[PDB]
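*Asks:* here is my input; please provide its structure:
(one chain, ligands or ions: 1)
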Amino acid sequence: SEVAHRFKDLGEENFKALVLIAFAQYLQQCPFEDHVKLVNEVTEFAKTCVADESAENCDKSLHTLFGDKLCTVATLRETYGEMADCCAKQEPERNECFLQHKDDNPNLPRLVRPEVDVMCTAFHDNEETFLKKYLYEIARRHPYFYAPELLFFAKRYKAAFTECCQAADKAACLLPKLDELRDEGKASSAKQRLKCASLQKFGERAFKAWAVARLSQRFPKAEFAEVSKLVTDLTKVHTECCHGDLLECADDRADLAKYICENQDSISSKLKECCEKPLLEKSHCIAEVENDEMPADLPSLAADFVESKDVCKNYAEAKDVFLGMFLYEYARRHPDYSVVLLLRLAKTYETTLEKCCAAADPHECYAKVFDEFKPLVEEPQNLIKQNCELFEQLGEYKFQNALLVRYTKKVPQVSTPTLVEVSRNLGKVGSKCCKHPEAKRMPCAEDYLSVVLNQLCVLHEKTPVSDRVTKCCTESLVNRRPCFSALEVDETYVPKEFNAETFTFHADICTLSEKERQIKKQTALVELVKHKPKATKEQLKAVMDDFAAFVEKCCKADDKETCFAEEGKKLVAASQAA
Ligand SMILES: CCCCC1C(=O)N(c2ccccc2)N(c2ccccc2)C1=O
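*Replies:* Numbering: from 1, shown residues only. Please see the structure below:
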């Protein structure tokens, strides 16, 4: 039995959780109650398998068990139409069908949070149904969310209430801690969506290369043979979590933490504090540990990679191991380089040996390879340096609006809601990275953009409208950012045409938070730039300055939300003028 295997390792608690997460990630539209029922019916079965390892279908693979269970409610097309098809399938891929149907943008209603007085009560009354709901809402809204880590967010989510409800001012103690978690959860989720996308669309060799470079950065003193071992396991873990095998992912992940702590001295000296605490915390600790100090006397790369005479020979024997070594050797002594820049140089190195080794004289051909690295390294540095100066000037908000206009001009087809989200996140890079020394600015900024741009790619892949986004997204993982910065403005885009609904103005906007108020303005700018791509300089501002006047006036005007209509039609006249 397999279901028995995972049960003994994870135990009732985590086992019940992980399966809830899995069920939620598959049927995101299914109600909380039904999931709970299935989870139990499923957990009860497991209990019998432990004793009798052959009872009913205890000999089954999780895929068959889980699949059939869900298919007892999926067949209801009136609720989950396209789903029933999945259930009529067989073993080889009745699952590939499900995975294929995960929604990265579920049409699930917003998740508002009741007063601090109810949450605490509901928390204290029933502590298990409260937390179960949490995971349910997060896993169903983040189908790729790193499960093992979602159990970590749960432990803190609980600790938040456990303490705050016992305060003098619960609303003061909770709120903050809850906001902080709302953000970190999103960050951790996107960061992970990039991992599942890599593996799934580019293959595991691409994921491995990324890992090798990142680990070689964190663990400089770690030997290549050791890192490889870590990369091999690591891949496997994530390969599983992404395919939907949460249980084994959660299991294997623990094993890896166990290992990394056992062989602490061979990997990094910054793992201490991490290995002296609870599993879940220990795991989330290692995965976020700072780079170890750089080894003292380190030879020069050129020695074994451009000057040696056996380069090509070695490359032919086992290129994959050779290029892997190069990356490792270049990453370890360069924690000031983003991971995508390292994978670029590496790719430039390979392409070079390829054409060079089939020449009349290699050493002469590949002798000036480093000469080509300069341009690649410079580029990010400049972009970052420039985009940080601007950010400082304008501040976050103003900087976001800059990126809004710019990107909408690049890819006007893209949906307003998506451009608004991406551009805002893109703006977050300033407050996040610009306050860092050049030595840590590149890794922070560029690698972050890789996550933000991946969001744009997956979202866009649902309904492809811009072939330009498509190419930059599919052509090369490592080059996505330079690919986008290259794009200027679409010269084939035909400006949209105005219509009342191009934007509705109902007063309901005077109640929304300050945030959703900015958002509404930005969503406007996007719609403006879509209508008038070309004619655009300062007239946009002049217009956006007017848009603000409109809201303030009719939100403050005692008269019903009407002046927003009269003066709203008045402002439209002025707007068109510019
Ligand atoms: C929220 C996503 C986390 C991804 C991640 C992971 O699961 N492991 C990880 C897995 C188990 C225990 C500790 C960390 N490490 C990791 C980092 C460097 C070297 C090896 C592993 C990670 O960065």
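
*Asks:* which residues touch the residue of the stretch 301-450 of the chain found nearest the ligand?
*Replies:* Using C-beta to the nearest ligand atom, the closest approach of the stretch 301-450 of the chain to the ligand is made by residue 339 at 11.6 Å. Using the backbone N, CA and C atoms, a C-beta is placed for each residue, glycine as well. Neighbouring residues of residue 339 by C-beta atoms under 8 Å, 6 or more residues apart in numbering: 210, 213-214, 217, 331, 443, 447, 450.

*Asks:* my guess is residue 281 meets residue 152, correct?
*Replies:* Yes. Counting by C-beta atoms under 8 Å, residue 281 touches residue 152, with 7.0 Å between them.

*Asks:* which of those two has more neighbours?
*Replies:* residue 152 (20 against 14; other C-beta atoms under 10 Å).

*Asks:* the ligand contacts on the stretch 151-300 of the chain?
*Replies:* Contact residues (C-beta under 6 Å from any ligand atom) of the stretch 151-300 of the chain with the ligand: 188, 192, 215, 218, 230, 234, 237, 253, 256-257, 283, 286-287.

*Asks:* next one: the residue of the stretch 301-450 of the chain closest to the ligand from residue 298, what distance?
*Replies:* Going from residue 339 to residue 298 by C-beta to C-beta, to the nearest Å gives 20 Å.

*Asks:* got it, and residue 422?
*Replies:* Distance of residue 422 to residue 298, given as C-beta to C-beta: 39 Å.

*Asks:* of those two, who's got more company?
*Replies:* More crowded of residue 422 and residue 298, by other C-beta under 10 Å: residue 422, with 22 against 11.

*Asks:* name the helix or strand for the more buried one, please.
*Replies:* helix 416-429 (DSSP states H and E).

*Asks:* C-terminal to that helix, what's the next element?
*Replies:* helix 438-462.

*Asks:* list the contacts of that next one.
*Replies:* Contact partners of helix 438-462, identified using C-beta under 8 Å, 6+ apart, comprise 104-105, 190-191, 193-194, 197, 217, 335-341, 380-381, 384, 388, 414, 418, 421-422, 425-426, 429, 432-434, 436, 466, 469-470, 473, 480-481, 484.

*Asks:* tell me which residues in it are buried?
*Replies:* Under the neighbour-count criterion of 16 or more other C-beta atoms under 10 Å, helix 438-462 has 441-460 buried.

*Asks:* what about it, near the ligand?
*Replies:* No. If you take C-beta under 6 Å from any ligand atom as the test, helix 438-462 misses the ligand, and the best it gets is 11.5 Å.

*Asks:* so how far is residue 444 from the most centrally placed residue in the chain?
*Replies:* Note on the chain: the residue nearest the mean C-alpha position is residue 190, at 1.4 Å, using C-alpha atoms, centre = their mean. Separation of residue 190 from residue 444 (C-beta to C-beta) stands at 15 Å.

*Asks:* what comes into contact with stretch 466-473?
*Replies:* Contact partners of stretch 466-473, identified using C-beta under 8 Å, 6+ apart, comprise 410-414, 456-457, 460-461, 464, 480, 483-484, 487, 490.

*Asks:* ugh, wrong one, I meant stretch 197-213
*Replies:* Residues outside stretch 197-213 that contact it (C-beta under 8 Å, 6+ apart) are 195, 227-228, 230-232, 234-235, 238-239, 242, 320, 324, 327-328, 331, 339, 342-343, 346, 454, 457-458, 474, 477.

*Asks:* and the buried ones among the residues you listed, selectable in PyMOL?
*Replies:* To isolate in PyMOL the members of the contacts of stretch 197-213 that are buried, counting by 16+ other C-beta under 10 Å, one can use:
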select buried, resi 195+227+228+230+231+234+235+238+239+242+324+327+328+331+339+342+343+346+454+457+458+477
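
*Asks:* by how many degrees do the helix holding residue 422 and helix 438-462 diverge?
*Replies:* Helix 416-429 and helix 438-462 meet at an angle of 170 degrees, taking axes from the mean of the first three to the mean of the last three C-alpha atoms, to 10 degrees as the criterion.

*Asks:* surely residue 347 touches residue 478?
*Replies:* Yes. Residue 347 is within contact range of residue 478, at 6.4 Å (criterion: C-beta under 8 Å).

*Asks:* who's more crowded, those two?
*Replies:* Shown here are residue 347 and residue 478; by other C-beta under 10 Å, residue 478 has more neighbours (21 against 17).

*Asks:* returning to that earlier point: among the contacts of stretch 466-473, name the ones in helices.
*Replies:* With DSSP state H as the criterion, helices contain 410, 456-457, 460-461, 480, 483-484 from among those.

*Asks:* the ligand: which of those residues is nearest?
*Replies:* Nearest to the ligand among the ones in helices among the contacts of stretch 466-473, counting by C-beta to the nearest ligand atom, is residue 457 at 19.0 Å.

*Asks:* and stretch 179-190, which residues are buried?
*Replies:* Across stretch 179-190, burial judged by 16+ other C-beta under 10 Å covers 181, 185, 188-190.

*Asks:* dump those into TSV; add secondary structure as well.
*Replies:* Below are those laid out as TSV (DSSP: H, G, I helix; E, B strand; the rest coil):
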residue	secondary structure
181	helix
185	helix
188	helix
189	helix
190	helix
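
*Asks:* quick one: which of the residues of the stretch 151-300 of the chain next to the ligand is nearest residue 311?
*Replies:* Closest approach to residue 311 among those (C-beta to C-beta): residue 215, at 24.5 Å.

*Asks:* which one is the closest one nearest to, not counting chain neighbours?
*Replies:* Among residues not flanking residue 215 along the chain, residue 227 sits closest, at 5.1 Å (C-beta to C-beta, 6 or more residues apart in numbering).

*Asks:* repeat for residue 72
*Replies:* Spatial nearest neighbour of residue 72, excluding adjacent residues (C-beta to C-beta, 6+ apart): residue 38 at 7.4 Å.

*Asks:* quick one: contacts for the one you found?
*Replies:* With C-beta under 8 Å, 6+ apart as the criterion, the residues that contact residue 38 are 23, 69-70, 72-73.
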